Each structure stands twice: as C-alpha cells, then as structure tokens.
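> Contents of query.cif (mmCIF, C-alpha atoms (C1' of nucleotides)) are given next:
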```
data_input
loop_
_atom_site.label_atom_id
_atom_site.label_comp_id
_atom_site.auth_asym_id
_atom_site.auth_seq_id
_atom_site.Cartn_x
_atom_site.Cartn_y
_atom_site.Cartn_z
CA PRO A 787 -2.56 9.25 -25.81
CA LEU A 788 0.27 6.91 -24.85
CA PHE A 789 3.22 8.96 -26.19
CA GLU A 790 4.20 12.42 -24.96
CA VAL A 791 3.94 15.42 -27.30
CA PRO A 792 6.77 17.93 -26.67
CA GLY A 793 6.44 21.65 -26.16
CA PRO A 794 7.84 24.23 -28.59
CA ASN A 795 11.62 24.80 -28.26
CA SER A 796 11.86 22.22 -25.47
CA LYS A 797 15.01 20.16 -24.94
CA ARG A 798 13.29 16.98 -26.17
CA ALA A 799 11.98 18.79 -29.27
CA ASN A 800 15.39 20.30 -30.05
CA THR A 801 17.06 16.89 -29.62
CA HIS A 802 14.55 15.37 -32.06
CA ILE A 803 15.27 17.92 -34.81
CA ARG A 804 19.02 17.37 -34.38
CA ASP A 805 18.70 13.57 -34.50
CA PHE A 806 16.35 13.64 -37.51
CA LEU A 807 18.90 15.85 -39.28
CA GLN A 808 21.57 13.29 -38.33
CA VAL A 809 19.41 10.46 -39.74
CA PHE A 810 18.80 12.34 -43.00
CA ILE A 811 22.52 13.13 -43.46
CA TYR A 812 23.54 9.47 -42.95
CA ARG A 813 21.02 8.17 -45.50
CA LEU A 814 22.33 10.71 -48.02
CA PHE A 815 25.77 9.11 -47.64
CA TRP A 816 24.19 5.67 -48.16
CA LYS A 817 22.51 7.02 -51.31
CA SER A 818 25.80 8.40 -52.69
CA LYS A 819 27.51 6.09 -55.19
CA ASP A 820 30.88 7.87 -55.30
CA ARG A 821 33.91 6.23 -53.68
CA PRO A 822 34.69 7.88 -51.23
CA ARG A 823 31.11 8.87 -50.39
CA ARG A 824 30.20 12.54 -50.74
CA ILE A 825 27.18 14.84 -50.44
CA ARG A 826 26.33 18.50 -51.07
CA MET A 827 25.27 21.22 -48.62
CA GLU A 828 22.62 22.28 -51.17
CA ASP A 829 20.75 18.96 -50.85
CA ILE A 830 20.42 19.33 -47.07
CA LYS A 831 19.37 23.00 -47.26
CA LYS A 832 16.72 22.17 -49.88
CA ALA A 833 15.19 19.63 -47.49
CA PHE A 834 15.78 21.86 -44.43
CA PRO A 835 15.15 25.50 -45.45
CA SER A 836 14.47 26.56 -41.83
CA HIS A 837 17.97 25.59 -40.66
CA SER A 838 20.96 27.88 -40.85
CA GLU A 839 24.05 26.50 -42.56
CA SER A 840 25.98 26.80 -39.27
CA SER A 841 23.63 24.33 -37.58
CA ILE A 842 24.22 21.95 -40.50
CA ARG A 843 27.97 22.59 -40.11
CA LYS A 844 27.69 21.18 -36.57
CA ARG A 845 26.29 17.83 -37.73
CA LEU A 846 28.80 17.46 -40.60
CA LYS A 847 32.09 18.24 -38.83
CA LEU A 848 32.44 14.88 -37.04
CA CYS A 849 31.72 12.63 -40.04
CA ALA A 850 32.87 14.51 -43.14
CA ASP A 851 35.70 16.60 -44.56
CA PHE A 852 35.12 19.66 -46.74
CA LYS A 853 36.79 19.58 -50.18
CA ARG A 854 36.41 22.92 -51.97
CA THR A 855 36.13 22.99 -55.76
CA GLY A 856 36.23 25.91 -58.19
CA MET A 857 32.44 26.26 -58.60
CA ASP A 858 29.53 27.37 -56.39
CA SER A 859 28.70 23.71 -55.68
CA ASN A 860 30.95 21.88 -53.21
CA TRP A 861 31.14 18.45 -51.61
CA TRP A 862 31.33 17.02 -48.09
CA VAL A 863 33.53 13.93 -48.43
CA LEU A 864 33.03 11.19 -45.83
CA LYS A 865 35.95 10.64 -43.46
CA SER A 866 37.97 7.50 -44.23
CA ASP A 867 38.26 6.59 -40.53
CA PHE A 868 34.54 7.18 -39.86
CA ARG A 869 32.42 4.04 -40.00
CA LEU A 870 29.04 5.01 -41.43
CA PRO A 871 26.30 3.53 -39.20
CA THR A 872 24.31 0.60 -40.56
CA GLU A 873 20.59 0.65 -41.40
CA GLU A 874 19.16 -0.76 -38.17
CA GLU A 875 21.48 1.49 -36.15
CA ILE A 876 19.94 4.45 -37.99
CA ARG A 877 16.52 2.93 -37.19
CA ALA A 878 17.26 3.00 -33.44
CA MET A 879 18.18 6.70 -33.55
CA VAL A 880 14.72 8.02 -34.52
CA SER A 881 11.43 6.08 -34.35
CA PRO A 882 8.26 6.86 -36.35
CA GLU A 883 6.40 7.64 -33.10
CA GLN A 884 8.86 10.43 -32.20
CA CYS A 885 8.31 12.18 -35.54
"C1'" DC B 1 55.38 45.87 -81.63
"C1'" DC B 2 51.50 43.00 -80.43
"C1'" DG B 3 49.39 39.16 -78.20
"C1'" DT B 4 48.77 36.25 -74.40
"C1'" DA B 5 49.66 34.57 -69.91
"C1'" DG B 6 50.45 35.34 -65.17
"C1'" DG B 7 49.97 37.84 -60.97
"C1'" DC B 8 47.29 40.52 -57.88
"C1'" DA B 9 43.04 42.12 -55.90
"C1'" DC B 10 38.48 41.64 -54.59
"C1'" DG B 11 34.29 38.96 -53.97
"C1'" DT B 12 32.26 35.12 -51.98
"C1'" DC B 13 31.75 30.76 -49.41
"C1'" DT B 14 32.65 28.43 -45.42
"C1'" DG B 15 35.23 26.91 -41.27
"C1'" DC B 16 36.72 27.98 -36.91
"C1'" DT B 17 36.59 30.56 -32.57
"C1'" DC B 18 34.94 33.77 -29.17
"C1'" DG B 19 31.46 36.11 -26.72
"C1'" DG B 20 26.91 36.64 -25.02
"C1'" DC B 21 22.45 34.93 -23.59
"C1'" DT B 22 19.28 31.79 -21.62
"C1'" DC B 23 17.81 27.65 -19.38
"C1'" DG B 24 18.11 24.11 -16.11
"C1'" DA B 25 19.59 22.02 -11.92
"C1'" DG B 26 20.58 22.31 -7.19
"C1'" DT B 27 20.49 23.77 -2.33
"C1'" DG B 28 19.39 26.75 1.37
"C1'" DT B 29 15.97 29.26 3.79
"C1'" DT B 30 11.46 30.51 5.53
"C1'" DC B 31 6.66 29.79 6.26
"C1'" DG B 32 2.69 27.06 7.15
"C1'" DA B 33 0.61 22.86 8.59
"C1'" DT B 34 -0.12 19.13 11.65
"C1'" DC B 35 0.63 16.50 15.71
"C1'" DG B 36 1.13 15.86 20.51
"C1'" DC B 37 0.39 17.14 25.14
"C1'" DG B 38 -1.88 19.35 28.74
"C1'" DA B 39 -5.77 21.52 30.78
"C1'" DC B 40 -10.67 22.35 31.32
"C1'" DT B 41 -15.18 20.86 31.63
"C1'" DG B 42 -19.09 17.77 31.68
"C1'" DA B 43 -21.24 13.59 33.28
"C1'" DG B 44 -21.84 9.76 36.16
"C1'" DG B 45 -21.22 7.10 40.25
"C1'" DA B 46 -20.10 6.42 45.01
"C1'" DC B 47 -19.76 7.74 49.82
"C1'" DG B 48 -20.85 10.37 53.90
"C1'" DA B 49 -23.85 13.24 56.61
"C1'" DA B 50 -28.16 15.01 58.06
"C1'" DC B 51 -32.95 14.73 58.47
"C1'" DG B 52 -37.37 12.50 58.91
"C1'" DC B 53 -40.09 8.59 59.89
"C1'" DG B 54 -41.54 4.68 62.53
"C1'" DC B 55 -41.89 2.20 66.63
"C1'" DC B 56 -42.09 1.65 71.38
"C1'" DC B 57 -42.71 3.16 75.83
"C1'" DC B 58 -44.42 6.11 79.20
"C1'" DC B 59 -47.68 9.12 81.16
"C1'" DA B 60 -52.26 10.75 82.21
"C1'" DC B 61 -57.00 10.24 83.29
"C1'" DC B 62 -61.00 7.96 84.88
"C1'" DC B 63 -63.20 4.42 87.23
"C1'" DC B 64 -63.33 0.67 90.91
"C1'" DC B 65 -62.60 -1.12 95.69
"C1'" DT B 66 -66.67 0.34 100.68
"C1'" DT B 67 -69.91 2.50 104.03
"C1'" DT B 68 -74.08 4.57 105.16
"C1'" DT B 69 -78.82 5.70 105.09
"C1'" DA B 70 -83.47 6.25 104.17
"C1'" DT B 71 -86.92 3.52 100.82
"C1'" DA B 72 -89.40 -0.34 97.38
"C1'" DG B 73 -90.15 -3.92 93.14
"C1'" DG B 74 -88.12 -8.11 91.32
"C1'" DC B 75 -85.12 -12.56 91.22
"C1'" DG B 76 -82.81 -16.35 93.36
"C1'" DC B 77 -81.39 -19.49 97.19
"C1'" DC B 78 -81.77 -22.25 101.90
"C1'" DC B 79 -83.34 -24.67 105.32
"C1'" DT B 80 -88.28 -25.69 107.65
#
```
Could you spell out this file's structure in structure tokens?

Amino acid sequence: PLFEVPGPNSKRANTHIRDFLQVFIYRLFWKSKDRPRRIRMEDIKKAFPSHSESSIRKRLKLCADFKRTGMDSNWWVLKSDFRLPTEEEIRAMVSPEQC
DNA sequence: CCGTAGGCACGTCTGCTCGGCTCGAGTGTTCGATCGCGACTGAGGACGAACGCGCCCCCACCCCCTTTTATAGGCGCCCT
C-alpha cells in the first residue's frame, strides 16, 4: 500500500466525511437550474442518512440562506455574494484515492 | 340571522447559542543507560646480585746427589 488508511473516528477520517459532504452540496447547487440556485435538505439527508441535520446545518450556513415556505419541503437558497467554486476547484478538495 | 373571514393558539421545523465532554499538543520531571576515567592485575622484559664453575698456582711427596764395604759376571776403553 502507498496510501494511508485512516482509523475509525480519527481526525483525518472526520475531515474526509466533512469535505465529501461539502463536495456533494456544491455539485447539488451546480445541478440546480433555478436562478438563484437552491437545494433541499431532504436531498442531502436521503444521500446521507447517518448524518444529523445539525451537522448538515454547519456546512450550509456559510454558503446558503434559508427561505421558509408554507409546506414541509423548504429550500436553501445560495447566497448572492458567495461565489460557487468551479469544477476543478471541487476536484482538488477530495481525490478518488481519499474516498 | 346566518355565513364567512380573521385572529389566536398550538404543532412542527429549523436556526442559533450555550454548555459539556473529549482529544490532542506541549512541557516538565524522573529514571535508566552509556560513556569516561581510574584502578587493579597480568605478562613480559630488563637489570642487579649472588652463586657456582673454571683456571691457575701452590704445596706435598718421593727420589737423586755420595760413601763404604765385602763380593763376582759381563761390557767397554787405553796404552803396551
């Protein structure tokens, strides 16, 4: 082996889960066709059932603003002053070897 | 007088904030290890002293210088 496998609940392992969540959130904004871009909490929780919503609230507070709507299905609208990172910048965040 | 709309209350979702727990990093202290120095001991070589060996000298002992005297066989020399 040439690449190090982390231990359970290590600092490297916990950083990887956070960054992979940050990668997946960003690509959901790139998939959204609405102007301004918007995503749902339900789509992240369906892909990440082992995360609490509060841990997802940490990754969404810096890049998105919560707009509540009169239905049990609400949107995270991308901040107008937040520049969404480009594709190759997302590529540098998490490599296939780290996964 | 009746119907409908609005207001309030409660439920639920989430967004923020506070408290508690745990993990990691650092620094100080204490213990063990290793290194250096000195001392002891063993081995080898060199020097000094004592003993033993070798050489030389000295001492001791025995025979040779003569005389005599009886007596006799053999060998060699000297003058008649």
> Using all atoms listed in the file, can you tell me which of B:12, B:68, B:27, B:4 comes closest to chain A?
B:12
> Return as a list in words the residues belonging to chain A that are within 10 Å of chain B, counting all atoms listed in the file.
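Contact residues on the first chain: residues 797, 839, 840, 843, 847, 852, 854, 858, 859 and 860 of chain A.
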> Using all atoms listed in the file, which protein or nucleic acid residues come within 12 Å of residue 837 of chain A? Drop anything in the same chain fewer than 6 positions from it, and give the result as a PyMOL selection string.
chain A and resi 803-804+807+827-828+830-831+843-845
> Could you state the separation of atom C1' of residue 24 of chain B and atom CA of residue 800 of chain A in Å, given to one decimal place?
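Computing the Euclidean distance for atom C1' of residue 24 of chain B and atom CA of residue 800 of chain A yields 14.7 Å.
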> Distance atom CA of residue 885 of chain A-atom CA of residue 817 of chain A, one decimal place?
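Between atom CA of residue 885 of chain A and atom CA of residue 817 of chain A the gap works out to 21.8 Å.
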> What does the distance between atom CA of residue 855 of chain A and atom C1' of residue 11 of chain B come to in Å, to one decimal place?
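Between these atoms lies a distance of 16.2 Å.
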